[PDB]
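Raw contents of entry.pdb, PDB, N, CA and C atoms:
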```
ATOM      1  N   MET A   1       0.869  -1.191   0.000  1.00  0.00           N
ATOM      2  CA  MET A   1       0.000   0.000   0.000  1.00  0.00           C
ATOM      3  C   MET A   1       0.907   1.243   0.000  1.00  0.00           C
ATOM      4  N   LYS A   2       0.613   2.192  -0.899  1.00  0.00           N
ATOM      5  CA  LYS A   2       1.215   3.556  -0.870  1.00  0.00           C
ATOM      6  C   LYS A   2       1.010   4.246   0.465  1.00  0.00           C
ATOM      7  N   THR A   3       2.087   4.627   1.130  1.00  0.00           N
ATOM      8  CA  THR A   3       1.949   5.263   2.412  1.00  0.00           C
ATOM      9  C   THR A   3       2.595   6.650   2.489  1.00  0.00           C
ATOM     10  N   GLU A   4       3.400   7.034   1.488  1.00  0.00           N
ATOM     11  CA  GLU A   4       4.218   8.269   1.527  1.00  0.00           C
ATOM     12  C   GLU A   4       4.338   8.864   0.161  1.00  0.00           C
ATOM     13  N   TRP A   5       4.321  10.192   0.089  1.00  0.00           N
ATOM     14  CA  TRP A   5       4.473  10.895  -1.185  1.00  0.00           C
ATOM     15  C   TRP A   5       5.680  11.881  -1.189  1.00  0.00           C
ATOM     16  N   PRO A   6       6.924  11.348  -1.175  1.00  0.00           N
ATOM     17  CA  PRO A   6       8.128  12.283  -1.187  1.00  0.00           C
ATOM     18  C   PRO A   6       8.161  13.196  -2.402  1.00  0.00           C
ATOM     19  N   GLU A   7       7.605  12.732  -3.480  1.00  0.00           N
ATOM     20  CA  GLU A   7       7.504  13.492  -4.725  1.00  0.00           C
ATOM     21  C   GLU A   7       6.690  14.771  -4.664  1.00  0.00           C
ATOM     22  N   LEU A   8       5.894  14.944  -3.610  1.00  0.00           N
ATOM     23  CA  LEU A   8       4.996  16.114  -3.474  1.00  0.00           C
ATOM     24  C   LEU A   8       5.588  17.301  -2.648  1.00  0.00           C
ATOM     25  N   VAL A   9       6.704  17.085  -1.919  1.00  0.00           N
ATOM     26  CA  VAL A   9       7.485  18.211  -1.324  1.00  0.00           C
ATOM     27  C   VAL A   9       7.697  19.353  -2.339  1.00  0.00           C
ATOM     28  N   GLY A  10       7.245  20.551  -1.971  1.00  0.00           N
ATOM     29  CA  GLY A  10       7.309  21.728  -2.817  1.00  0.00           C
ATOM     30  C   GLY A  10       6.149  21.997  -3.738  1.00  0.00           C
ATOM     31  N   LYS A  11       5.263  21.031  -3.930  1.00  0.00           N
ATOM     32  CA  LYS A  11       4.092  21.201  -4.790  1.00  0.00           C
ATOM     33  C   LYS A  11       2.982  21.908  -4.095  1.00  0.00           C
ATOM     34  N   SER A  12       2.026  22.457  -4.855  1.00  0.00           N
ATOM     35  CA  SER A  12       0.879  23.050  -4.261  1.00  0.00           C
ATOM     36  C   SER A  12      -0.112  22.025  -3.719  1.00  0.00           C
ATOM     37  N   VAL A  13      -1.094  22.530  -2.986  1.00  0.00           N
ATOM     38  CA  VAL A  13      -2.212  21.707  -2.513  1.00  0.00           C
ATOM     39  C   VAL A  13      -2.969  21.078  -3.660  1.00  0.00           C
ATOM     40  N   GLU A  14      -3.321  21.872  -4.691  1.00  0.00           N
ATOM     41  CA  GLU A  14      -4.089  21.350  -5.766  1.00  0.00           C
ATOM     42  C   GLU A  14      -3.385  20.160  -6.395  1.00  0.00           C
ATOM     43  N   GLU A  15      -2.069  20.267  -6.643  1.00  0.00           N
ATOM     44  CA  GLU A  15      -1.403  19.157  -7.260  1.00  0.00           C
ATOM     45  C   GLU A  15      -1.277  17.996  -6.269  1.00  0.00           C
ATOM     46  N   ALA A  16      -0.980  18.307  -5.014  1.00  0.00           N
ATOM     47  CA  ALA A  16      -0.921  17.170  -4.038  1.00  0.00           C
ATOM     48  C   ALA A  16      -2.272  16.409  -3.959  1.00  0.00           C
ATOM     49  N   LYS A  17      -3.375  17.149  -3.975  1.00  0.00           N
ATOM     50  CA  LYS A  17      -4.705  16.508  -3.891  1.00  0.00           C
ATOM     51  C   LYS A  17      -4.960  15.580  -5.096  1.00  0.00           C
ATOM     52  N   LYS A  18      -4.603  16.063  -6.278  1.00  0.00           N
ATOM     53  CA  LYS A  18      -4.758  15.311  -7.517  1.00  0.00           C
ATOM     54  C   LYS A  18      -3.918  14.011  -7.525  1.00  0.00           C
ATOM     55  N   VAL A  19      -2.656  14.083  -7.140  1.00  0.00           N
ATOM     56  CA  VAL A  19      -1.752  12.890  -7.059  1.00  0.00           C
ATOM     57  C   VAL A  19      -2.154  11.926  -5.927  1.00  0.00           C
ATOM     58  N   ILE A  20      -2.506  12.416  -4.755  1.00  0.00           N
ATOM     59  CA  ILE A  20      -2.898  11.483  -3.665  1.00  0.00           C
ATOM     60  C   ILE A  20      -4.190  10.714  -4.053  1.00  0.00           C
ATOM     61  N   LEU A  21      -5.108  11.387  -4.756  1.00  0.00           N
ATOM     62  CA  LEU A  21      -6.391  10.759  -5.108  1.00  0.00           C
ATOM     63  C   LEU A  21      -6.273   9.693  -6.236  1.00  0.00           C
ATOM     64  N   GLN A  22      -5.408   9.942  -7.242  1.00  0.00           N
ATOM     65  CA  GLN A  22      -4.951   8.931  -8.196  1.00  0.00           C
ATOM     66  C   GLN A  22      -4.417   7.717  -7.467  1.00  0.00           C
ATOM     67  N   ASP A  23      -3.531   7.903  -6.509  1.00  0.00           N
ATOM     68  CA  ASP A  23      -2.920   6.758  -5.777  1.00  0.00           C
ATOM     69  C   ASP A  23      -3.795   6.127  -4.689  1.00  0.00           C
ATOM     70  N   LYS A  24      -4.724   6.925  -4.148  1.00  0.00           N
ATOM     71  CA  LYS A  24      -5.511   6.550  -2.963  1.00  0.00           C
ATOM     72  C   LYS A  24      -6.855   7.224  -3.087  1.00  0.00           C
ATOM     73  N   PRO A  25      -7.751   6.618  -3.883  1.00  0.00           N
ATOM     74  CA  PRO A  25      -9.077   7.207  -4.226  1.00  0.00           C
ATOM     75  C   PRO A  25      -9.961   7.430  -3.005  1.00  0.00           C
ATOM     76  N   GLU A  26      -9.727   6.740  -1.885  1.00  0.00           N
ATOM     77  CA  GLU A  26     -10.550   6.935  -0.695  1.00  0.00           C
ATOM     78  C   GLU A  26      -9.957   8.041   0.230  1.00  0.00           C
ATOM     79  N   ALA A  27      -8.846   8.664  -0.159  1.00  0.00           N
ATOM     80  CA  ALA A  27      -8.102   9.511   0.774  1.00  0.00           C
ATOM     81  C   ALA A  27      -8.967  10.658   1.285  1.00  0.00           C
ATOM     82  N   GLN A  28      -8.914  10.829   2.576  1.00  0.00           N
ATOM     83  CA  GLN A  28      -9.391  12.096   3.221  1.00  0.00           C
ATOM     84  C   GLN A  28      -8.213  13.032   3.494  1.00  0.00           C
ATOM     85  N   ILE A  29      -8.077  14.047   2.665  1.00  0.00           N
ATOM     86  CA  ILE A  29      -6.877  14.894   2.666  1.00  0.00           C
ATOM     87  C   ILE A  29      -7.077  16.094   3.537  1.00  0.00           C
ATOM     88  N   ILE A  30      -6.215  16.263   4.526  1.00  0.00           N
ATOM     89  CA  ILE A  30      -6.347  17.291   5.558  1.00  0.00           C
ATOM     90  C   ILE A  30      -5.120  18.211   5.453  1.00  0.00           C
ATOM     91  N   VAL A  31      -5.352  19.517   5.419  1.00  0.00           N
ATOM     92  CA  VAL A  31      -4.336  20.536   5.152  1.00  0.00           C
ATOM     93  C   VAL A  31      -4.045  21.354   6.392  1.00  0.00           C
ATOM     94  N   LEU A  32      -2.835  21.251   6.905  1.00  0.00           N
ATOM     95  CA  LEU A  32      -2.477  21.898   8.131  1.00  0.00           C
ATOM     96  C   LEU A  32      -1.210  22.696   8.001  1.00  0.00           C
ATOM     97  N   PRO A  33      -1.066  23.757   8.816  1.00  0.00           N
ATOM     98  CA  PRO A  33       0.168  24.466   8.792  1.00  0.00           C
ATOM     99  C   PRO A  33       1.274  23.639   9.435  1.00  0.00           C
ATOM    100  N   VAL A  34       2.494  23.815   8.942  1.00  0.00           N
ATOM    101  CA  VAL A  34       3.665  23.181   9.604  1.00  0.00           C
ATOM    102  C   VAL A  34       3.696  23.604  11.048  1.00  0.00           C
ATOM    103  N   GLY A  35       4.131  22.715  11.955  1.00  0.00           N
ATOM    104  CA  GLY A  35       4.229  23.081  13.356  1.00  0.00           C
ATOM    105  C   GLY A  35       2.947  22.817  14.146  1.00  0.00           C
ATOM    106  N   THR A  36       1.846  22.413  13.508  1.00  0.00           N
ATOM    107  CA  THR A  36       0.593  22.146  14.209  1.00  0.00           C
ATOM    108  C   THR A  36       0.736  21.000  15.237  1.00  0.00           C
ATOM    109  N   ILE A  37       0.281  21.268  16.478  1.00  0.00           N
ATOM    110  CA  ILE A  37       0.321  20.322  17.614  1.00  0.00           C
ATOM    111  C   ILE A  37      -0.697  19.211  17.335  1.00  0.00           C
ATOM    112  N   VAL A  38      -0.199  18.027  17.030  1.00  0.00           N
ATOM    113  CA  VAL A  38      -1.045  16.962  16.524  1.00  0.00           C
ATOM    114  C   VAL A  38      -0.885  15.758  17.452  1.00  0.00           C
ATOM    115  N   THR A  39      -1.944  15.414  18.176  1.00  0.00           N
ATOM    116  CA  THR A  39      -2.100  14.047  18.714  1.00  0.00           C
ATOM    117  C   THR A  39      -3.446  13.500  18.222  1.00  0.00           C
ATOM    118  N   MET A  40      -3.381  12.455  17.419  1.00  0.00           N
ATOM    119  CA  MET A  40      -4.502  12.020  16.692  1.00  0.00           C
ATOM    120  C   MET A  40      -4.333  10.533  16.651  1.00  0.00           C
ATOM    121  N   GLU A  41      -5.443   9.816  16.631  1.00  0.00           N
ATOM    122  CA  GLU A  41      -5.389   8.392  16.408  1.00  0.00           C
ATOM    123  C   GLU A  41      -5.079   8.161  14.948  1.00  0.00           C
ATOM    124  N   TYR A  42      -4.622   6.951  14.631  1.00  0.00           N
ATOM    125  CA  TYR A  42      -4.314   6.533  13.264  1.00  0.00           C
ATOM    126  C   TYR A  42      -5.555   6.227  12.443  1.00  0.00           C
ATOM    127  N   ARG A  43      -5.750   6.942  11.327  1.00  0.00           N
ATOM    128  CA  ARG A  43      -6.766   6.632  10.327  1.00  0.00           C
ATOM    129  C   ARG A  43      -6.165   6.319   8.927  1.00  0.00           C
ATOM    130  N   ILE A  44      -6.340   5.076   8.525  1.00  0.00           N
ATOM    131  CA  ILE A  44      -5.724   4.506   7.353  1.00  0.00           C
ATOM    132  C   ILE A  44      -6.191   5.200   6.051  1.00  0.00           C
ATOM    133  N   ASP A  45      -7.347   5.827   6.062  1.00  0.00           N
ATOM    134  CA  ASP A  45      -7.800   6.564   4.855  1.00  0.00           C
ATOM    135  C   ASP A  45      -7.472   8.088   4.898  1.00  0.00           C
ATOM    136  N   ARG A  46      -6.867   8.549   5.980  1.00  0.00           N
ATOM    137  CA  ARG A  46      -6.562   9.968   6.065  1.00  0.00           C
ATOM    138  C   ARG A  46      -5.124  10.232   5.536  1.00  0.00           C
ATOM    139  N   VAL A  47      -4.999  11.289   4.740  1.00  0.00           N
ATOM    140  CA  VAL A  47      -3.683  11.841   4.420  1.00  0.00           C
ATOM    141  C   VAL A  47      -3.552  13.288   4.900  1.00  0.00           C
ATOM    142  N   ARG A  48      -2.773  13.479   5.912  1.00  0.00           N
ATOM    143  CA  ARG A  48      -2.338  14.855   6.289  1.00  0.00           C
ATOM    144  C   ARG A  48      -1.174  15.430   5.440  1.00  0.00           C
ATOM    145  N   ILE A  49      -1.448  16.635   4.916  1.00  0.00           N
ATOM    146  CA  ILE A  49      -0.457  17.454   4.291  1.00  0.00           C
ATOM    147  C   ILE A  49      -0.155  18.731   5.081  1.00  0.00           C
ATOM    148  N   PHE A  50       1.138  18.935   5.375  1.00  0.00           N
ATOM    149  CA  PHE A  50       1.606  20.130   6.102  1.00  0.00           C
ATOM    150  C   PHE A  50       2.185  21.147   5.181  1.00  0.00           C
ATOM    151  N   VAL A  51       1.622  22.338   5.261  1.00  0.00           N
ATOM    152  CA  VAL A  51       1.888  23.404   4.314  1.00  0.00           C
ATOM    153  C   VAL A  51       2.570  24.650   4.932  1.00  0.00           C
ATOM    154  N   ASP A  52       3.327  25.302   4.077  1.00  0.00           N
ATOM    155  CA  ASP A  52       4.035  26.520   4.375  1.00  0.00           C
ATOM    156  C   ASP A  52       3.104  27.782   4.128  1.00  0.00           C
ATOM    157  N   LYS A  53       3.630  29.000   4.254  1.00  0.00           N
ATOM    158  CA  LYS A  53       2.791  30.234   4.128  1.00  0.00           C
ATOM    159  C   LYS A  53       2.176  30.470   2.769  1.00  0.00           C
ATOM    160  N   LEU A  54       2.724  29.824   1.762  1.00  0.00           N
ATOM    161  CA  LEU A  54       2.237  29.924   0.385  1.00  0.00           C
ATOM    162  C   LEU A  54       1.409  28.700  -0.061  1.00  0.00           C
ATOM    163  N   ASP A  55       1.098  27.795   0.883  1.00  0.00           N
ATOM    164  CA  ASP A  55       0.312  26.571   0.616  1.00  0.00           C
ATOM    165  C   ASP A  55       1.028  25.583  -0.315  1.00  0.00           C
ATOM    166  N   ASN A  56       2.336  25.487  -0.145  1.00  0.00           N
ATOM    167  CA  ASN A  56       3.115  24.471  -0.743  1.00  0.00           C
ATOM    168  C   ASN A  56       3.435  23.463   0.344  1.00  0.00           C
ATOM    169  N   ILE A  57       3.525  22.204  -0.042  1.00  0.00           N
ATOM    170  CA  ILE A  57       3.791  21.089   0.860  1.00  0.00           C
ATOM    171  C   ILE A  57       5.220  21.221   1.328  1.00  0.00           C
ATOM    172  N   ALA A  58       5.373  21.226   2.636  1.00  0.00           N
ATOM    173  CA  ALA A  58       6.641  21.449   3.285  1.00  0.00           C
ATOM    174  C   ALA A  58       7.296  20.189   3.740  1.00  0.00           C
ATOM    175  N   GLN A  59       6.513  19.137   3.968  1.00  0.00           N
ATOM    176  CA  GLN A  59       7.056  17.846   4.359  1.00  0.00           C
ATOM    177  C   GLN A  59       6.353  16.738   3.639  1.00  0.00           C
ATOM    178  N   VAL A  60       6.837  15.522   3.891  1.00  0.00           N
ATOM    179  CA  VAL A  60       6.472  14.337   3.094  1.00  0.00           C
ATOM    180  C   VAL A  60       5.098  13.904   3.598  1.00  0.00           C
ATOM    181  N   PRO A  61       4.057  14.054   2.757  1.00  0.00           N
ATOM    182  CA  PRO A  61       2.772  13.500   3.155  1.00  0.00           C
ATOM    183  C   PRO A  61       2.802  11.951   3.419  1.00  0.00           C
ATOM    184  N   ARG A  62       2.110  11.550   4.478  1.00  0.00           N
ATOM    185  CA  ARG A  62       2.047  10.187   4.966  1.00  0.00           C
ATOM    186  C   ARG A  62       0.617   9.882   5.360  1.00  0.00           C
ATOM    187  N   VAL A  63       0.216   8.641   5.126  1.00  0.00           N
ATOM    188  CA  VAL A  63      -1.061   8.135   5.573  1.00  0.00           C
ATOM    189  C   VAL A  63      -1.178   8.092   7.059  1.00  0.00           C
ATOM    190  N   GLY A  64      -2.342   8.452   7.632  1.00  0.00           N
ATOM    191  CA  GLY A  64      -2.460   8.268   9.097  1.00  0.00           C
ATOM    192  C   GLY A  64      -3.376   9.313   9.692  1.00  0.00           C
TER     193      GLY A  64
END
```
structure tokens encoding of this file:
Amino acid sequence: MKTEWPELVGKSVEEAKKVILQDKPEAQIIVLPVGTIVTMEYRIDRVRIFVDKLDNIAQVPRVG
């Protein structure tokens, strides 16, 4: 199962959403600022993306 998208570092949200959905059609994509205090249970259909001030992906999106 695809669990990580290193290829999306530096891309916009729109492009990250399009690529994650091709690879993971059930994905629930959640957009958060870098540095967000996160304690969350594991959800296998969720993909969190952490974004910078210009809404570019700052780190490697991962399932969870």
### Query
Just so the selection is clear, what residues does the PyMOL selection byres (((chain A and resi 8 and name CA) around 10) and name CA) cover here, as a PyMOL selection string?
chain A and resi 4-7+9-13+15-17+19-20+49+56-61
### Query
Quick one: DSSP strand (DSSP E) residues in chain A, as a PyMOL selection string?
chain A and resi 28-33+46-51+62-63
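The space separating atom C of residue 50 in chain A from CA of residue 35 in chain A comes to 8.6 Å.
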### Message
Under the rule that only N, CA and C atoms are counted, which of A:45, A:2, A:62, A:53 is the nearest residue to residue 23 in chain A?
### Response
A:2
### Query
Neighbours of residue 43 in chain A within 6 Å (all atoms listed in the file; same-chain residues fewer than 2 positions away dropped), as a list in words?
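In the requested format, the answer is residues 41, 45, 46, 63 and 64 of chain A.
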Those residues with N, CA and C atoms, as a PDB file, in the frame of the given file please?
```pdb
ATOM      1  N   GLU A  41      -5.443   9.816  16.631  1.00  0.00           N
ATOM      2  CA  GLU A  41      -5.389   8.392  16.408  1.00  0.00           C
ATOM      3  C   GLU A  41      -5.079   8.161  14.948  1.00  0.00           C
ATOM      4  N   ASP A  45      -7.347   5.827   6.062  1.00  0.00           N
ATOM      5  CA  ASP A  45      -7.800   6.564   4.855  1.00  0.00           C
ATOM      6  C   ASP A  45      -7.472   8.088   4.898  1.00  0.00           C
ATOM      7  N   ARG A  46      -6.867   8.549   5.980  1.00  0.00           N
ATOM      8  CA  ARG A  46      -6.562   9.968   6.065  1.00  0.00           C
ATOM      9  C   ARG A  46      -5.124  10.232   5.536  1.00  0.00           C
ATOM     10  N   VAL A  63       0.216   8.641   5.126  1.00  0.00           N
ATOM     11  CA  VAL A  63      -1.061   8.135   5.573  1.00  0.00           C
ATOM     12  C   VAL A  63      -1.178   8.092   7.059  1.00  0.00           C
ATOM     13  N   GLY A  64      -2.342   8.452   7.632  1.00  0.00           N
ATOM     14  CA  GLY A  64      -2.460   8.268   9.097  1.00  0.00           C
ATOM     15  C   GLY A  64      -3.376   9.313   9.692  1.00  0.00           C
TER      16      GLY A  64
END
```
### Query
Between A:55, A:42, A:47, A:14, which one has atoms that come closest to residue 28 in chain A, using only N, CA and C atoms?
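Among A:55, A:42, A:47, A:14, it is A:47 that comes nearest to residue 28 in chain A.
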### Query
Written as a list in words, what is the full residue list that the PyMOL selection byres ((chain A and resi 34) around 6.5) yields on the file shown?
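That expression, the PyMOL selection byres ((chain A and resi 34) around 6.5), corresponds here to residues 32, 33, 35, 36, 50, 51 and 52 of chain A.
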### Query
atom C of residue 31 in chain A to CA of residue 1 in chain A: how many Å, to one decimal?
22.7 Å
### Query
Which distance in Å separates atom N of residue 48 in chain A and atom C of residue 22 in chain A, to one decimal?
14.7 Å
### Task
From the DSSP assignment of the backbone, select every residue of range 1-31 of chain A that is helix (DSSP H, G or I), and format the answer as an NGL selection string.
:A and (6-8 or 13-23)
